[PDB]
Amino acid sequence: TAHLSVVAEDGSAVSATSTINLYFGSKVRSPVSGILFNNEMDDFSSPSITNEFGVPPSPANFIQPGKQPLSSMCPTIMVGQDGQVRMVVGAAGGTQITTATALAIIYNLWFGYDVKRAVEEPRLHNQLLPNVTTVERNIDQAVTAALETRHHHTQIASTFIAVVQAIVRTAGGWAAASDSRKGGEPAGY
């Protein structure tokens, strides 16, 4: 997955999330065209594959011909009542895309973090199964403690949790941020 966010001078916007699924997709590159082919079929459920201990397959997401597999992607645009864009946001990184996008929104809209902080702020993830909360290395350890005393099992992410690109409207114009976790920076005028 990769996410990018765009706001043009007339106020129109695009939030786009694109993917070949796992890193380097199917690992099939064409020696002639250079195209690297997706492994999106992996995002279907299959009766014969168990991915997580004790978790059954999901029939709603089985393979049929012509069907699209479920995706964690969620490119979002938030628009104010006056018709102006407020936020353009989305994320990359697998199952943690949806939670990371939620967090970036919560951080900016409710906690009052500016867009760069909303992007850089430590994240956490829980998807019910596995039955664990993953937290990034630099999260406030008072949060880790508050989770653990409420009987969450926490574990620290070996690398990082998701990648967020975002733009927010401010009094000064359009504030943009790309996520240091993957190394991007925005551009504008």
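Basically, rigid core = biggest C-alpha set you can superpose within 1.5 Å across the two forms. From 1 onward, residues are counted along the sequence shown.
J.: Name the stretch that deviates more in 8 other deposited structures of this protein: 52-60, or 128-136? Use RMS CA distance to the shown form, core superposed.
T.: Comparing 52-60 with 128-136, the larger C-alpha deviation in 8 other deposited structures of this protein belongs to 52-60.
J.: Should the higher mean CA B-factor in the entry be assigned to 169-177 or to 10-18?
T.: According to the entry, 169-177 carries the higher average C-alpha B-factor.
J.: Quick one: higher average CA temperature factor, 58-66 or 23-31?
T.: Going by the record's values, the stretch with the higher mean is 58-66.
J.: At the C-alpha atoms, which of 36, 146, 157, 163 reaches the highest B-factor in this entry?
T.: Out of 36, 146, 157, 163, the record gives the largest C-alpha B-factor to 157.
J.: Consider only the C-alpha atoms of the modelled residues in this chain, order them by B-factor as the entry records it, and name the third containing residue 96: lowest, middle or highest.
T.: Middle third of the chain for residue 96's C-alpha B-factor.
J.: Quick check on the deposited entry: does the C-alpha B-factor of residue 43 sit in the lowest, middle or highest third of its chain?
T.: Tercile = lowest for this residue's CA B-factor.
J.: Would you please rank residue 124 by its C-alpha temperature factor against the other modelled residues of its chain and give the third it falls in: lowest, middle or highest?
T.: For residue 124, whose C-alpha B-factor we compare with every modelled residue in the chain, the answer is the lowest third.
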